[PDB]
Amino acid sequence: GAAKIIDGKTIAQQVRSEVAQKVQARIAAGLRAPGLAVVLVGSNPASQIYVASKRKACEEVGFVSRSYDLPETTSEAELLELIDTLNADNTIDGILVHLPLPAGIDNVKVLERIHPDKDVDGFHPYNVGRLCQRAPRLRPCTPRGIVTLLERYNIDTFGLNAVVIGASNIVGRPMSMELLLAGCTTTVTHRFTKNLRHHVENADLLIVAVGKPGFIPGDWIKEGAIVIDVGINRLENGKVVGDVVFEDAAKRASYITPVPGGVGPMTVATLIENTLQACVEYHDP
């Protein structure tokens, strides 16, 4: 077999070009560019990689970006006050708070202080619950980017038997609610599942989000399945590989996302899309 590639690098470029074109049209009409704000408490190389990636995502489409770097000693009360200020700032469309926050700060209270209309990551419980109850607003980026992939490849979802491997808050759980919204029969597997293969073997649409290199072998995959690999696993040797053994799954799948170049770029593209949506639909209509 020769599965077709789900070329997320190319689809993400299309999404960024569409956003950039809408930003240019707003500018031409005398309207402000969307703005993204990133908040960090303390610093380290990883968090500065986080900031820089959000910065360059903004510059590729013409958003304004702002970064707050607060000292490690910042108190919960000071941080909630900053969130309040950003919630009230009409030039800010999206707020991101980088996690790990220092020991002693209630992470959940800070994140839930963000107004759901500026929660462009889509993780505020209000936004997750809206998605669950079929009235989505801002949606978690990785599942929404996967739905975009399926739509852009003209994959009919109604009636597919879809299996999600992994029940994380960031991917697996909201993925199940996106797939239900798209009319798939949905199964979520996780660490307590008896026999992963029996569920995987019947999946027309397989979403793998376990964070383990080469965990899913080609032999488990249903012939003709659509295989979406969310893993981005860094190996000793600098290479990045998926949660699925690509060479063996590609023998059986009809479509497959490579890693790198599949789901990865779509997650960032969906953050950007969400920020434009917040600006256009919720703030400056």
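The numbering used is simple: start at 1 and walk along the sequence shown.
Item to complete: Report the stretch with the higher mean CA temperature factor, choosing between 69-77 and 211-219 on the basis of the entry.
Response: Higher mean C-alpha B-factor in the PDB entry: 69-77.
task = Using only the Cα atoms and their B-factors as the entry lists them, report which of 147-155 and 83-91 averages higher.
result = Comparing 147-155 with 83-91, the higher mean C-alpha B-factor belongs to 83-91.
Determine which member of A103, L160, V171, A182 has the highest CA B-factor, using the values in the deposited entry.
That would be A103.
Notebook entry, point to check: Looking at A28, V39, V64, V230, which has the highest CA B-factor as recorded?
Noted result: Answer, based on the entry's C-alpha B-factors: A28.
Could you place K194 in the lowest, middle or highest third of its chain by Cα temperature factor, using the values in the record? Its C-alpha B-factor, which the entry lists for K194, ranks in the highest third among residues of this chain.
#### Entry: Third of the chain's Cα B-factor distribution that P45 belongs to, per the entry
Answer is highest: the recorded C-alpha B-factor places it there.
Exercise for review: Would you mind ranking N127 by its C-alpha B-factor against the rest of the chain and naming the third, lowest, middle or highest?
Suggested key: Lowest third - that is where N127 ends up once the chain's C-alpha B-factors are sorted.
Exercise for the section: Using the B-factor values recorded in the entry, state whether the Cα atom of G238 falls in the lowest, middle or highest third among the modelled residues of its chain. Expected result: Its C-alpha B-factor belongs to the highest third of this chain's values.
query = Lowest, middle or highest third: where is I6 by Cα B-factor in its chain?
reply = It falls in the bottom third of the chain.
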